[PDB]
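I have placed the structure first, in the form of structure tokens, so that the comments after it can refer back to it.
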Amino acid sequence: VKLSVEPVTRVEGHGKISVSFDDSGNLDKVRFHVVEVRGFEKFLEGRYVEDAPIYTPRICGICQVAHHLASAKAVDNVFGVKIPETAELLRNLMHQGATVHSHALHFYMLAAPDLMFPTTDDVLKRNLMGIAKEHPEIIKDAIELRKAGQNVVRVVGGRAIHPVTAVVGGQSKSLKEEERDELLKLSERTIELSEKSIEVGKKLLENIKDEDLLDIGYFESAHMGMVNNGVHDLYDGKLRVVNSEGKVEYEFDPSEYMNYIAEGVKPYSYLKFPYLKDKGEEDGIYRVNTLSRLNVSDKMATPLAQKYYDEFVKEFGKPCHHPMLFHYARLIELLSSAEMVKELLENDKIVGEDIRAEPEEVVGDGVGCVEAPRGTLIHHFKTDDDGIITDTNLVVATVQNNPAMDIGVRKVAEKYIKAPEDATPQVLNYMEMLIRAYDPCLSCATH
Amino acid sequence: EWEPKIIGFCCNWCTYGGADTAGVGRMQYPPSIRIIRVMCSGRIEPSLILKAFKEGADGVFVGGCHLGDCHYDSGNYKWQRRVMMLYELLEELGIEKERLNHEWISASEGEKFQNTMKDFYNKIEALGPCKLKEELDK
Amino acid sequence: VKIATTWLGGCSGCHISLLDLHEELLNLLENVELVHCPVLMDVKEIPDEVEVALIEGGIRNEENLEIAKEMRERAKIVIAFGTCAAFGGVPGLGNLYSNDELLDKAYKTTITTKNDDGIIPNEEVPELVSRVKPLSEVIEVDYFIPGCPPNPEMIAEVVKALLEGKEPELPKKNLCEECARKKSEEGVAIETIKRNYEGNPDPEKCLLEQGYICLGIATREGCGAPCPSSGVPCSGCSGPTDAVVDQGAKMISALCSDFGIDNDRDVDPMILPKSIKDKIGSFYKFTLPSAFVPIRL
Ligand code: NFU
Ligand code: SF4
Ligand code: SF4
Ligand code: SF4
Ligand code: FES
Ligand SMILES: [Fe+3]
């Protein structure tokens with residue numbers, strides 16, 4: 001007997017789950033398959049390097065800002081140019097606003113339907129329309145958060161989806177004093193709604209705990225995230241890796257990522273299986289984003305988020321390996337990003353006119369790195385003396401959570417499925433809930 | 001077993017007359033080409049040549065007045081700038097530069113037109129068929 | 001009114017622009033009956049009797065082809081949702097290489113890839129189609145919403161017109177209309193061609209007249225021209241107007257015509273081809289699959 005969950009819904013991209021049974025009717029193989037690939041790494045060859053921040057956002061419509069900025073950083077390294085401080089603040093403001101939009105989008109429109117209705121037979125109710133009918137306030141708040149995030153991106157990036165201001169040497173336009181004032185006034189409401197969102201999460205995750213679903217897909221692994229002097233940072237710093245017990249294995253500059261990360265290939269998925277080179281395929285499994293970033297960080301960079309982080313650490317410890325608690329970690333980051341938008345808008349250097357540095361002589365190699373809302377994002381480009389791309393490598397966030405998703409769906413089936421009859425619509429949805437906990441972006445992951 | 005499919009674009013004042021002269025003088029040449037009439041070579045743009053290759057052309061020929069002798073004074077200078085870019089674009093698309101041929105032939109140059117048709121035909125016959133349409137029809 | 005959506009070889013950006021309707025999304029969803037949308041609901045199969053269908057992305061693999069054909073049979077009206085579905089989009093640049101080259105790079109030669117047996121995923125995954133194709137090349141498309149992604153207002157305008165029973169109408173002019181940059185009354189004249197990083201562009205003058213390859217002249221309006229307003233040239237993400245089939249060919253025609261027009265008889269015709277080292281990437285970023293020559297042989 002062979003069952004297939006396709007397509008996996010309320011996830012970005014194309015994925016599917018296969019569940020097979022042996023001749024006796026016992027659970028045999030459970031796999032997570034990603035059924036798409038576009039080949040961005042190869043088709044970027046021959047393109048102008050300065051055009052990478054125009055092409056990479058098209059890898060994903062949700063986290064297009066992360067790609068635009070990761071590409072811009074790689075391009076800045078190819079030209080050997082250090083951008084002015086105002087440009088760094090504008091790029092970070094754009095990045096923080098995009099994180100607010102992405103985290104709010106996933107938690108409310110993709111994850112909340114299962115956290116609110118984890119044991120429903122009504123499939124037509126498990127979505128944002130179903131939540132809006134009984135709790136309209138929750139969806140209005142989600143929309144207002146997304147609107148605030150996208151507005152910051154639209155103003156600093158020029159476009160809400162696929163921004164264009166991060167150019168060689170800095171930004172193509174400056175933030176005007178009147179624009180900065182408007183965004184700063186609107187920034188306070190985003191922080192309030194983010195605090196409100198964390199409380200909605202506590203309640204919904206309590207409901208999940210009551211149904212014995214808080215430990216679905218549980219397994220222990222290493223965790224990776226960017227840190228700036230040990231502080232949680234989504235824009236600048238070094239990449240830190242902690243083992244399953246919280247011990248820092250290593251800390252490295254993103255330009256040396258090829259000496260620590262490896263990507264395996266399995267015949268049943270277009271999504272690769274990364275791991276820590278020194279440890280291997282099984283002992284070197286690691287996770288990225290939200291909870292993994294909280295696990296590697298000494299503390300948060302903002303005060304309100306730090307308070308929820310302290311309360312969470314005291315209750316679940318460090319490191320927390322629970323896939324479902326990635327939902328809670330996501331809400332803490334949603335607040336930290338909202339707080340950072342305000343913090344960056346309060347920095348007088350944000351409205352400066354020295355936004356660009358003249359491109360220096362070309363260097364045929366540049367690595368760009370940022371923490372995309374779904375994990376560590378690395379854009380690596382190699383070019384010729386004319387600045388034409390010759391080789392590229394993209395290690396895109398969710399790919400690093402592929403092993404965790406494949407293991408997790410197997411663990412969910414092991415817990416609830418013994419025979420084909422046990423695979424009820426609700427139990428099949430439990431497997432998708434584990435997938436959703438990681439906020440996967442499958443178009444992103446395969447690129 | 002195979003004959004090249006060549007499309008031609010000739011200006012009404014010079015190359016069209018040059019092709020007529022070749023005909024009046026019974027100047028024989030291969031029957032692969034099919035000529036399209038325009039008033040000036042300045043009417044020719046990348047879109048018409050790329051469209052021809054899409055349709056299955058093995059070779060594309062363009063004929064205009066001599067530089068400085070355009071019936072409309074300078075239409076051929078714009079086409080000359082367009083064709084130089086088009087030659088390199090074809091190479092980037094895997095189409096041999098040699099599959100496109102542009103020449104300056106007057107209304108009195110029947111013999112030159114005949115030899116240009118013979119040379120272009122021989123060039124395309126040697127290259128073999130352009131497999132674009134076959135790749136697109138897959 | 002039963003409405004459905006699906007995605008093929010795109011990035012989800014068109015669906016995100018639909019969500020960028022914000023408060024208006026709820027007003028829209030109360031009028032229409034959403035019966036299938038992978039990103040928002042769990043209805044797995046496309047149901048029968050769909051009145052309007054929004055299909056995002058172009059055709060990249062065999063599954064996209066099946067879904068496109070299935071949605072066409074179930075929906076009365078099919079809409080090519082976004083530049084990928086209408087013209088092929090950025091993934092279309094993959095047509096400049098063979099599928100084996102795209103796959104060998106992603107699963108073998110990338111610096112971090114470890115593939116011992118040297119295999120390409122082939123189990124429970126669909127094969128790639130020979131080349132990226134716009135939706136209209138495989139199924140009958142009734143309407144299309146251009147843009148990468150289309151602005152949220154345009155998406156609502158098109159959908160609203162179809163709910164009322166009216167025929168949707170898209171803007172017809174090129175981008176210079178909406179662009180706030182000042183043009184020379186004497187006409188456009190290009191002296192030299194520069195790459196976007198060369199020099200410091202004047203914020204008031206037309207970028208094309210300054211020597212930058214701006215696609216605004218060969219691109220449909222509607223976006224509000226945010227790129228030139230932000231200090232960078234238009235990349236042509238909205239595609240061509242209704243009177244132009246091959247955007248790149250027409251952009252090349254215009255650029256070549258005005259290059260050295262003040263010195264027309266003496267300007268060297270080899271400066272322009274020599275100055276542009278990436279032609280396809282300069283003129284076919286978002287429309288290569290819809291071009292007359294949509295692949296590299
Ligand atoms: N967040 C995010 Fe992307 Ni749609 C993923 N996965 C990128 O780096
Ligand atoms: S048209 Fe643009 S935004 Fe829409 S799916 Fe394609 S790349 Fe994404
Ligand atoms: S900058 Fe581009 S869109 Fe604006 S007027 Fe010049 S060519 Fe047109
Ligand atoms: S200016 Fe050009 S590239 Fe930018 S959004 Fe408009 S159509 Fe797209
Ligand atoms: S008329 Fe012959 S080229 Fe202008
Ligand atoms: Fe990759």
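Residue numbers start at 1 in each chain; chains themselves are named A, B, ... in the order of the structure tokens; ligands are numbered from 1 in the order shown.
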
| query | Please, which residues of chain A lie no more than 7 Å from chain C when the count uses only C-alpha atoms, and can they be set out as a PyMOL selection string? | reply | chain A and resi 6-7+9-12+35+38-39+41-43+46-48+55+58-62+109-110+123+126-128+143+147+158-159+161+164-165+168+172-173+258+261-270+393+443

Could you write out that same residue set with C-alpha atoms as a compact mmCIF listing (two decimals), in the first residue's frame?
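Listed below is the output, part25.txt:
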```
# COMPACT_ATOMS: atom_id res chain seq x y z
CA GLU A 6 0.31 16.02 -2.54
CA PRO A 7 0.67 18.90 -2.69
CA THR A 9 -0.39 22.87 1.48
CA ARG A 10 0.21 26.09 3.42
CA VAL A 11 3.93 26.06 2.58
CA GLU A 12 5.67 28.06 -0.12
CA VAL A 35 9.42 18.37 -6.74
CA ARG A 38 14.82 26.16 -11.77
CA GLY A 39 18.65 26.16 -11.95
CA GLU A 41 23.11 28.73 -9.99
CA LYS A 42 23.93 27.81 -13.60
CA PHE A 43 21.83 30.35 -15.54
CA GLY A 46 27.23 34.80 -18.22
CA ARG A 47 25.15 37.52 -16.53
CA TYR A 48 26.52 40.88 -15.34
CA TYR A 55 17.66 38.07 -10.64
CA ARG A 58 12.96 36.09 -8.28
CA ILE A 59 14.11 32.92 -6.43
CA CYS A 60 11.28 33.70 -3.96
CA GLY A 61 8.37 36.15 -3.69
CA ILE A 62 8.29 36.05 0.14
CA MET A 109 -1.87 32.56 7.30
CA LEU A 110 0.09 29.28 7.09
CA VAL A 123 -10.73 21.02 5.65
CA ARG A 126 -8.34 25.13 8.18
CA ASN A 127 -7.20 28.40 6.54
CA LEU A 128 -7.10 32.21 7.09
CA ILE A 143 -2.72 42.07 7.72
CA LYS A 147 1.27 45.99 5.60
CA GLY A 158 11.48 51.05 -4.01
CA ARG A 159 9.19 47.99 -4.41
CA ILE A 161 8.18 42.68 -3.76
CA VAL A 164 15.89 47.49 -6.31
CA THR A 165 17.84 50.04 -4.21
CA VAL A 168 27.12 48.39 -6.16
CA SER A 172 20.52 54.04 -5.31
CA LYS A 173 18.37 56.48 -3.27
CA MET A 258 32.48 26.00 2.15
CA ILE A 261 28.92 23.13 5.22
CA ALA A 262 28.33 20.30 2.73
CA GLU A 263 25.19 19.46 0.72
CA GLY A 264 24.25 15.85 0.03
CA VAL A 265 22.02 14.61 -2.80
CA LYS A 266 19.37 11.87 -2.50
CA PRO A 267 17.53 10.43 -5.54
CA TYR A 268 14.01 11.12 -4.20
CA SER A 269 14.15 14.93 -3.90
CA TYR A 270 15.35 18.03 -5.78
CA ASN A 393 26.69 28.79 -5.36
CA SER A 443 11.12 27.45 -4.33
```

| task | Select residues of chain C: the criterion is any atom within 8 Å of an atom of chain B, counting only C-alpha atoms; output as a PyMOL selection string. | result | chain C and resi 96+130+246+249-250+252-253+256-257+264-265+269-270+272-273+279-280+292-293+295-297

Within 9 Å of ligand 6, which residues of chain A come that close, and what is the closest atom pair and distance in Å for each? Count only C-alpha atoms and all ligand atoms and give it as CSV.
```
residue,atom,partner,partner_atom_place_in_ligand_line,distance
A:39,CA,ligand 6,1 (Fe),8.9
A:40,CA,ligand 6,1 (Fe),8.5
A:41,CA,ligand 6,1 (Fe),6.9
A:263,CA,ligand 6,1 (Fe),8.3
A:271,CA,ligand 6,1 (Fe),8.9
A:272,CA,ligand 6,1 (Fe),7.9
A:378,CA,ligand 6,1 (Fe),9.0
A:379,CA,ligand 6,1 (Fe),8.9
A:392,CA,ligand 6,1 (Fe),8.8
A:393,CA,ligand 6,1 (Fe),5.6
A:394,CA,ligand 6,1 (Fe),4.0
A:395,CA,ligand 6,1 (Fe),4.6
A:396,CA,ligand 6,1 (Fe),6.3
A:399,CA,ligand 6,1 (Fe),8.0
A:445,CA,ligand 6,1 (Fe),7.4
A:446,CA,ligand 6,1 (Fe),6.5
A:447,CA,ligand 6,1 (Fe),6.6
```

All helix (DSSP H, G or I) residues (DSSP, backbone) inside range 189-243 of chain A, as a compact mmCIF listing (two decimals) with N, CA and C atoms, in the first residue's frame:
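Output file result01.txt follows:
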```txt
# COMPACT_ATOMS: atom_id res chain seq x y z
N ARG A 189 2.99 50.97 16.33
CA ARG A 189 1.87 50.05 16.20
C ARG A 189 2.34 48.63 15.85
N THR A 190 3.39 48.50 15.01
CA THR A 190 3.91 47.20 14.62
C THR A 190 4.45 46.45 15.83
N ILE A 191 5.12 47.16 16.74
CA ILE A 191 5.68 46.54 17.95
C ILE A 191 4.53 46.06 18.85
N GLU A 192 3.46 46.87 18.98
CA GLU A 192 2.29 46.50 19.80
C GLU A 192 1.64 45.23 19.28
N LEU A 193 1.39 45.19 17.97
CA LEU A 193 0.76 44.02 17.36
C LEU A 193 1.64 42.79 17.50
N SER A 194 2.98 42.97 17.43
CA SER A 194 3.92 41.85 17.56
C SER A 194 3.85 41.26 18.97
N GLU A 195 3.74 42.14 19.99
CA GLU A 195 3.63 41.68 21.39
C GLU A 195 2.32 40.91 21.53
N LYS A 196 1.26 41.43 20.90
CA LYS A 196 -0.06 40.81 20.92
C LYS A 196 0.02 39.42 20.26
N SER A 197 0.77 39.31 19.15
CA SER A 197 0.94 38.06 18.41
C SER A 197 1.59 36.97 19.26
N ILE A 198 2.59 37.34 20.08
CA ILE A 198 3.26 36.35 20.94
C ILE A 198 2.24 35.70 21.88
N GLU A 199 1.31 36.50 22.42
CA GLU A 199 0.29 35.99 23.33
C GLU A 199 -0.68 35.06 22.62
N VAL A 200 -1.00 35.35 21.35
CA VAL A 200 -1.90 34.50 20.57
C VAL A 200 -1.20 33.14 20.41
N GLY A 201 0.12 33.18 20.19
CA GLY A 201 0.93 31.99 20.03
C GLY A 201 0.95 31.13 21.28
N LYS A 202 1.14 31.75 22.46
CA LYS A 202 1.15 31.01 23.72
C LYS A 202 -0.13 30.20 23.84
N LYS A 203 -1.28 30.87 23.68
CA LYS A 203 -2.61 30.24 23.76
C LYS A 203 -2.76 29.08 22.79
N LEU A 204 -2.42 29.32 21.52
CA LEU A 204 -2.53 28.28 20.49
C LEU A 204 -1.57 27.12 20.72
N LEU A 205 -0.35 27.40 21.22
CA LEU A 205 0.60 26.31 21.48
C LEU A 205 0.20 25.53 22.74
N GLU A 206 -0.62 26.16 23.62
CA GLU A 206 -1.10 25.51 24.84
C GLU A 206 -2.14 24.48 24.37
N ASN A 207 -2.97 24.88 23.39
CA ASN A 207 -4.01 24.03 22.80
C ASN A 207 -3.35 22.83 22.11
N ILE A 208 -2.17 23.05 21.51
CA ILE A 208 -1.40 22.00 20.83
C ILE A 208 -0.86 21.04 21.88
N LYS A 209 -0.36 21.58 23.01
CA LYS A 209 0.17 20.77 24.11
C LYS A 209 -0.92 19.87 24.70
N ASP A 210 -2.16 20.40 24.82
CA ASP A 210 -3.30 19.64 25.36
C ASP A 210 -3.63 18.41 24.51
```

| request: Could you give me the residues within 10 Å of ligand 5, counting only C-alpha atoms and all ligand atoms, as a count of residues only? | output: 38

| Selection within 9 Å of ligand 3 by only C-alpha atoms and all ligand atoms, output as a ChimeraX atom specification | /C:174-183,204-210,212-219,221,225,227-229,231-234

| Taking the backbone alone, and naming residues the way the document does, which bits of chain B are strand (DSSP E or B) by DSSP, as a list in words? |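 Result set for chain B (strand (DSSP E or B)): residues 6, 7, 8, 9, 10, 11, 33, 34, 35, 36, 37, 38, 59, 60, 61, 62, 63, 64, 70, 73, 100, 101, 102, 103 and 104 of chain B.
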
| said: Show me which residues line ligand 1, defined as having an atom within 6 Å of a ligand atom where only C-alpha atoms and all ligand atoms count, and present them as a list in words. | reply: residues 60, 62, 63, 66, 372, 373, 374, 377, 396, 397, 398, 440, 441, 444 and 445 of chain A

Could you save those same residues with N, CA, C and O atoms as a compact mmCIF listing (two decimals), in the first residue's frame?
```txt
# COMPACT_ATOMS: atom_id res chain seq x y z
N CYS A 60 12.44 33.80 -4.84
CA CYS A 60 11.28 33.70 -3.96
C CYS A 60 10.56 35.03 -3.75
O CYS A 60 11.18 36.05 -3.47
N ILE A 62 8.49 35.73 -1.28
CA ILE A 62 8.29 36.05 0.14
C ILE A 62 9.55 36.70 0.71
O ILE A 62 9.48 37.78 1.29
N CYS A 63 10.68 36.02 0.56
CA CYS A 63 11.98 36.46 1.07
C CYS A 63 12.84 37.09 -0.01
O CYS A 63 14.06 36.93 0.01
N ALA A 66 15.77 39.32 1.36
CA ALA A 66 16.95 38.59 1.81
C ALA A 66 17.89 38.30 0.63
O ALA A 66 19.10 38.49 0.76
N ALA A 372 18.09 34.91 6.41
CA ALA A 372 16.79 35.13 5.78
C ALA A 372 15.76 34.69 6.82
O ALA A 372 16.12 33.96 7.74
N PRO A 373 14.50 35.10 6.73
CA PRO A 373 13.53 34.67 7.76
C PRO A 373 13.49 33.15 7.99
O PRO A 373 13.09 32.72 9.07
N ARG A 374 13.91 32.35 7.00
CA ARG A 374 13.89 30.89 7.11
C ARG A 374 15.25 30.24 7.32
O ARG A 374 15.36 29.02 7.18
N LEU A 377 21.35 32.48 4.76
CA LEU A 377 21.33 32.63 3.32
C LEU A 377 22.71 33.03 2.84
O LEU A 377 23.25 34.02 3.31
N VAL A 396 20.63 28.20 0.32
CA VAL A 396 19.42 28.91 0.71
C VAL A 396 18.56 28.34 1.83
O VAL A 396 17.80 27.39 1.64
N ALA A 397 18.67 28.97 3.00
CA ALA A 397 17.93 28.71 4.22
C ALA A 397 17.26 27.32 4.39
O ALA A 397 17.90 26.41 4.89
N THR A 398 15.96 27.17 3.98
CA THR A 398 15.20 25.92 4.11
C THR A 398 15.94 24.66 3.66
O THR A 398 15.65 23.60 4.19
N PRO A 440 8.86 26.23 5.68
CA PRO A 440 9.64 25.96 4.47
C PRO A 440 9.25 26.80 3.26
O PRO A 440 8.07 27.10 3.05
N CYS A 441 10.25 27.15 2.48
CA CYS A 441 10.11 27.92 1.26
C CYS A 441 10.84 27.04 0.25
O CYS A 441 12.05 27.16 0.06
N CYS A 444 12.62 28.56 -2.83
CA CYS A 444 13.84 29.13 -2.27
C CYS A 444 14.92 28.07 -2.09
O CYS A 444 16.04 28.22 -2.57
N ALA A 445 14.56 27.02 -1.38
CA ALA A 445 15.43 25.90 -1.04
C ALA A 445 16.11 25.22 -2.24
O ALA A 445 17.28 24.84 -2.13
```

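With only C-alpha atoms and all ligand atoms as the basis for measurement, C:88 is the residue among C:88, C:260, C:47, C:168 that approaches ligand 2 most closely.
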
| For ligand 4, which residue out of C:255, C:136, C:146, C:192 is the nearest one, using only C-alpha atoms and all ligand atoms? |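 Comparing C:255, C:136, C:146, C:192 against ligand 4, the winner is C:146.
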
| query | In Å, how far is it from CA of residue 241 in chain A to CA of residue 278 in chain A? | reply |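 Separation between CA of residue 241 in chain A and CA of residue 278 in chain A: 12.3 Å.
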
| said: Env of residue 49 in chain A: 9 Å cut, atoms = only C-alpha atoms, seq-sep filter 6 positions within chain, self excluded. Answer as an MDAnalysis selection string. | reply: chainID A and resid 75 78 381:383 387:389

| Hey, which of C:59, C:267, C:32, C:163 ends up closest to ligand 2? Count only C-alpha atoms and all ligand atoms. | C:59

| message | Just to confirm, what's the straight-line distance from CA of residue 4 in chain A to CA of residue 20 in chain A in Å (one decimal)? | response | 8.5 Å

| Who sits within 6 Å of range 417-430 of chain A, only C-alpha atoms, same chain under 2 positions skipped, as number ranges by chain | A: 25-27, 413-414, 432-433

| message | I'd like to know which of C:185, C:83, C:143, C:160 is closest to ligand 4, using only C-alpha atoms and all ligand atoms. | response |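 Nearest candidate to ligand 4 out of C:185, C:83, C:143, C:160: C:83.
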
| task | Would you list the contacts of residue 337 in chain A as a ChimeraX atom specification, taking every protein, DNA or RNA residue within 12 Å and counting only C-alpha atoms, but skipping same-chain residues closer than 4 positions in sequence? | result | /A:92-104,145,148-149,152,187,190-191,194-195,232-235,290,300-306,330-333,341-344,373

Quick one: write out the picked residues with C-alpha atoms as a PDB file, in the first residue's frame?
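again_22.pdb was written with the following content:
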```pdb
ATOM      1  CA  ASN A  92      19.150  46.496   7.517  1.00  0.00           C
ATOM      2  CA  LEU A  93      15.907  48.547   7.841  1.00  0.00           C
ATOM      3  CA  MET A  94      14.655  46.927   4.577  1.00  0.00           C
ATOM      4  CA  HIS A  95      15.667  43.463   5.940  1.00  0.00           C
ATOM      5  CA  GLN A  96      13.904  43.992   9.315  1.00  0.00           C
ATOM      6  CA  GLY A  97      10.683  45.182   7.628  1.00  0.00           C
ATOM      7  CA  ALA A  98      10.755  42.119   5.338  1.00  0.00           C
ATOM      8  CA  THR A  99      11.158  39.803   8.385  1.00  0.00           C
ATOM      9  CA  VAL A 100       8.032  41.336  10.002  1.00  0.00           C
ATOM     10  CA  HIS A 101       6.054  40.612   6.789  1.00  0.00           C
ATOM     11  CA  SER A 102       7.425  37.052   6.410  1.00  0.00           C
ATOM     12  CA  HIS A 103       7.011  35.960  10.068  1.00  0.00           C
ATOM     13  CA  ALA A 104       3.475  37.464  10.300  1.00  0.00           C
ATOM     14  CA  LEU A 145       1.680  43.687  10.499  1.00  0.00           C
ATOM     15  CA  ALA A 148       3.713  47.729   7.987  1.00  0.00           C
ATOM     16  CA  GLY A 149       6.583  45.428   6.960  1.00  0.00           C
ATOM     17  CA  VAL A 152       9.089  49.797   5.053  1.00  0.00           C
ATOM     18  CA  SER A 187       6.636  51.748  13.820  1.00  0.00           C
ATOM     19  CA  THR A 190       3.908  47.196  14.619  1.00  0.00           C
ATOM     20  CA  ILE A 191       5.676  46.543  17.952  1.00  0.00           C
ATOM     21  CA  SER A 194       3.925  41.848  17.556  1.00  0.00           C
ATOM     22  CA  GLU A 195       3.632  41.685  21.388  1.00  0.00           C
ATOM     23  CA  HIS A 232      21.162  37.686  17.852  1.00  0.00           C
ATOM     24  CA  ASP A 233      21.604  39.427  14.458  1.00  0.00           C
ATOM     25  CA  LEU A 234      19.842  38.824  11.137  1.00  0.00           C
ATOM     26  CA  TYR A 235      22.020  41.229   9.082  1.00  0.00           C
ATOM     27  CA  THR A 290      13.954  31.143  14.516  1.00  0.00           C
ATOM     28  CA  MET A 300      18.458  39.288  21.755  1.00  0.00           C
ATOM     29  CA  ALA A 301      19.441  42.726  20.351  1.00  0.00           C
ATOM     30  CA  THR A 302      16.171  44.421  21.508  1.00  0.00           C
ATOM     31  CA  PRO A 303      14.684  44.764  25.051  1.00  0.00           C
ATOM     32  CA  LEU A 304      11.056  43.601  24.646  1.00  0.00           C
ATOM     33  CA  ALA A 305      12.052  40.477  22.642  1.00  0.00           C
ATOM     34  CA  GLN A 306      14.771  39.700  25.263  1.00  0.00           C
ATOM     35  CA  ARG A 330       9.262  32.992  15.160  1.00  0.00           C
ATOM     36  CA  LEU A 331       6.964  35.297  17.186  1.00  0.00           C
ATOM     37  CA  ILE A 332       9.877  36.465  19.401  1.00  0.00           C
ATOM     38  CA  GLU A 333      11.817  37.383  16.220  1.00  0.00           C
ATOM     39  CA  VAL A 341      12.630  48.958  12.451  1.00  0.00           C
ATOM     40  CA  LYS A 342      11.919  51.675  15.081  1.00  0.00           C
ATOM     41  CA  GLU A 343      15.523  51.543  16.396  1.00  0.00           C
ATOM     42  CA  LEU A 344      17.002  51.985  12.885  1.00  0.00           C
ATOM     43  CA  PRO A 373      13.533  34.666   7.760  1.00  0.00           C
TER      44      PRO A 373
END
```
